[PDB]
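Comments concern the structure below.
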DNA sequence: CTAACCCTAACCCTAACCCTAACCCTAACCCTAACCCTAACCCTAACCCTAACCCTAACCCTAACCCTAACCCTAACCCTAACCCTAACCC
DNA sequence: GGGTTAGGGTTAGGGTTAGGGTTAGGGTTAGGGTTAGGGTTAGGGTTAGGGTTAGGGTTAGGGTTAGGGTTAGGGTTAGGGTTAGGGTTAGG
């Protein structure tokens, strides 16, 4: 069983992300809030991809199903896939 | 016609929206935003009416333009 | 004779419990026709379209006022400012 | 030896001028698989899908951080707070 | 008719003809319109149940757009399903914020000279 | 003469768009001038995008088109930003537009 | 004189089935008709997209079931799926 | 195996026509292909919606022209309309 | 013509990014035995090609009995002045 | 914790204009007139679409070893709050 994977996002990673996004000062609970938001978004995206893979009569999620789920959610992605 | 939106109208709109205190330039900013939105909607309706080979804008073209812009409206029309 | 900042809640509740229209009919129709005359002249409106556009503008203004009031409450200020509507228009995505 | 609140702009420019990835690969893949195991087990990933999901999450986090920084700047505060991310998630429409 | 065989009330042939005329696919099945009619029937039943509950709570025996707007904004699932949906002559919720309140009396009537 | 590219004065294929429109089941009858119009619009859009990418590459002292140059050309043009608003480009980048308050003062 | 759809008799029958002591108005009937039309259009679009993605020409109940599971959240999705499967079994058992 | 579309040769020809001294990569070619596919899908959807709203069965150049005028803003819309009309007149005269 | 907002000028600390050195996890590969994806018919039952006369579904017929806004009348749902835990913070 | 001391809502009584009921003709719908136009099947083969074997060129999936984060920690000063009425400026 896989556990302790939610704490995989280290503090320097979020610090570099905030520095790239233009944030010059970070508090304390911002890391936990961003972790929860990313977890919720990943859960929704994975659920959509699982539904698409089950509709396609497959098991391994491919890049085409990921692009389809991203277009259904409302955020297109170019470059990856086709 | 731009000054048709009176001050009591915006005051009642802000009271209905939950605003308990209004400044001064808020009225002018809301007037400009409404003017821009009306201009865009009227342009879309004019394009739809020109595509439909008509002149008078009907409610169906208005509903189509509202659905194209991304804000559906129920009740009015069909 | 009442104190300020107390009777506003009564008017807010009275305007929220009612579902009537606040914007007039002839000035709105005149403004809509004046705006439509800039693109193509000789245009007509079957009244129902103007009412639908007025309802849509009312809903948009209500949503914008709600967002501005929420942002002002978060910014520790009961009143609103043009910078608040600018932040609202910037975060909502509609232009800028 | 430098003063605080001055060397942060250099790191910001260095991270903005580069288009490399900041999040790792094995922990992200482990978290994605652990999340996918909650719905249906015996699931596989062709790596490219995990990279696409990581890029999408990076773009979403960058946009959220930009919106939070803009809201904090408008609120006369260089630092951010959980209330700022709450206001961002409330105004943006996402829940 | 299909209503006496499937145990529903919504028309199936109408949805089938609409799908065939809309040019959505080359071949439209026969069980798919039944599934869509069942889903629409369940959704309409839930919406009508919420509208009736709102009308009974508002001491009314009819369905008005205000009751529909209240039932839509009250349910969390209906709010997520119909997010950016504007209902004409509907209304808004009078949920006043915690800060927008008359609060208390500071110095009796905010007067330090008394 | 034999192909539509030598008759319409374009380079994008028209028969491919026509076959895609016929196979996509978008309408009962797909015209013949409509695919030519779509090919012309796509050709103009591709020419403008390639011109912006070449300008960005020349400004960045590069002779190739990288996703960074495309992202810069998209974010720089106001029309391209409105046409492609919620579009995420992988390995693209962001703009280093520092705010007026975020300064050492 | 033309002919319009106007989904009103079926809605009135459903309302009388769930609550025969209440009624409906013309504005509420138009709102319900617009909502039903929008739901049907969304379902048709999702089914067409799924058919174009799966490289298929026909449409079965599995496509509409997946479209409902994707559009509807959770509890409503599971309830609609159960009611649709029950209706399908009832229509198949009784020719 | 199979066969894919891959809009690459036409994009390379257009690039060599506007600038023969520059090139393109595989990632940029995939991005351009995805953008072209998205634009084509949006145009097809707008044309289908216009045909369903106008109660018509055929599709002419006026539907795609209106779809371009609605999707594109202003200057780009007028330029694309002019270039499309020029191409249509050139294809009709020859 | 009224009192609560209101915005910067007196003053606060607990939160808060920069930091070098013990750190001991992950990333280019490595086969390998277990396994899901795609090609030739088999053949088979369900739906397109289209009759029949039907049983059912849209405007209106004049009333039908419980739907409008408002016509006399009772009385209490927010307005304001004392008042009792409750967590807050500096001994 | 405890030195007391700014600060949180709050309900007895007073307040009168704001809810409570209310009420009458036509305004607003629902069971009645009919026929024609789609809803719904009943006769004929067929072509897009399911069942099943194997094989095949992968590709997700077992592991090495060495260095850039990694966090190991702190300051102290810097960007955060905490407010005085001052005219004042928007509120009925």
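Protein chains in written order, with the entry's author numbering: chain L, 21 to 102; chain P, 25 to 102; chain O, 40 to 135; chain K, 40 to 134; chain M, 16 to 129; chain Q, 14 to 118; chain N, 28 to 122; chain R, 28 to 121.
Ideal Cβ positions, reconstructed from N, Cα and C, are used throughout, including at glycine.
C-alpha distance - residue i paired with residue j, whole-angstrom precision
i	j	result
residue 55(Q)	residue 110(R)	11 Å
residue 40(Q)	residue 95(P)	26 Å
residue 80(P)	residue 72(R)	26 Å
residue 43(O)	residue 40(P)	18 Å
residue 36(Q)	residue 61(M)	39 Å
residue 82(P)	residue 73(P)	8 Å
residue 106(N)	residue 113(N)	11 Å
residue 37(L)	residue 43(L)	9 Å
residue 55(O)	residue 48(O)	10 Å
residue 58(Q)	residue 93(Q)	10 Å
residue 115(O)	residue 106(O)	14 Å
residue 116(N)	residue 91(N)	16 Å
residue 82(R)	residue 76(R)	10 Å
Span of the beta strand (DSSP E) around residue i
i	result
residue 112(O)	First-last for residue 112(O): 87-113, but that is the alpha helix (DSSP H), not the beta strand (DSSP E).
residue 98(L)	96-98
residue 100(Q)	100-102
Chain O contact residues for residue i, given Cβ-Cβ distances below 8 Å
i	result
residue 105(P)	What the structure shows of chain P is the stretch from 25 to 102, and residue 105(P) is not part of that stretch, so it cannot be assessed.
Proximity of residue i and residue j at Cβ, strictly below 8 Å
i	j	result
residue 50(M)	residue 88(N)	yes
residue 58(R)	residue 117(Q)	no
residue 69(M)	residue 77(M)	no
residue 64(P)	residue 73(O)	no
residue 86(R)	residue 114(Q)	no
residue 90(L)	residue 95(K)	yes
residue 38(M)	residue 38(Q)	yes
residue 67(M)	residue 84(M)	no
residue 98(P)	residue 103(M)	yes
residue 107(Q)	residue 101(K)	yes
residue 91(O)	residue 100(P)	yes
residue 23(M)	residue 45(M)	no
N- and C-terminal bounds of the alpha helix (DSSP H) containing residue i
i	result
residue 116(N)	102-120
residue 130(O)	121-130
residue 68(O)	65-78
residue 64(L)	50-75
residue 60(R)	53-80
residue 29(L)	Premise fails: residue 29(L) is in no alpha helix (DSSP H) and is neither H nor E.
residue 83(P)	83-93
residue 81(O)	No alpha helix (DSSP H) contains residue 81(O), which DSSP labels as neither H nor E.
Neighbouring residues, chain L, relative to residue i (Cβ below 9 Å)
i	result
residue 96(K)	58, 61, 62 and 65
Interface residues of chain P facing residue i [CB-CB closer than 9 Å]
i	result
residue 116(R)	Those do not exist, as residue 116(R) stays about 21 Å from chain P at its closest Cβ, beyond 9 Å.
Burial state of residue i, where buried means 16 or more other Cβ atoms lie within 10 Å
i	result
residue 99(M)	exposed
residue 95(M)	exposed
residue 97(K)	buried
residue 39(N)	exposed
residue 48(Q)	buried
residue 81(K)	exposed
Where residue i meets chain R, residues with beta-carbon distance less than 9 Å
i	result
residue 69(P)	Residues of chain R passing the Cβ test: none, with the nearest at roughly 11 Å.
residue 98(P)	Simply none; closest approach about 18 Å.
Neighbour list for residue i in chain K, Cβ cutoff strictly below 8 Å
i	result
residue 55(L)	Chain K residues near residue 55(L): none, gap ~10 Å exceeds 8 Å.
residue 28(L)	63, 66, 67, 69 and 70
Contacts that residue i makes with chain R (C-beta to C-beta distance below 7 Å)
i	result
residue 94(L)	Correct list: empty, because the minimum Cβ distance to chain R is about 13 Å.
Partner residues on chain K for residue i, Cβ-Cβ distance less than 7 Å
i	result
residue 33(L)	61 and 62
Chain N residues whose Cβ lies nearer than 7 Å to that of residue i
i	result
residue 76(L)	81
residue 83(M)	55 and 58
Neighbour list for residue i in chain Q, Cβ cutoff strictly below 7 Å
i	result
residue 91(L)	Near residue 91(L) there are no residues of chain Q at all, since even the closest Cβ is about 11 Å away, more than 7 Å.
Neighbouring residues, chain N, relative to residue i (Cβ below 8 Å)
i	result
residue 55(M)	63, 66 and 67
Within chain O, partners of residue i - CB distance below 7 Å
i	result
residue 114(K)	114
Chain-ordered chain M contacts of residue i [CB-CB under 7 Å]
i	result
residue 75(N)	39 and 40
Interface residues of chain N facing residue i [CB-CB closer than 9 Å]
i	result
residue 102(M)	58
9 Å Cβ cut-off: residues of chain K touching residue i
i	result
residue 102(L)	Ordered by position in chain K, no residue passes the 9 Å Cβ test against residue 102(L), which lies about 11 Å from the chain.
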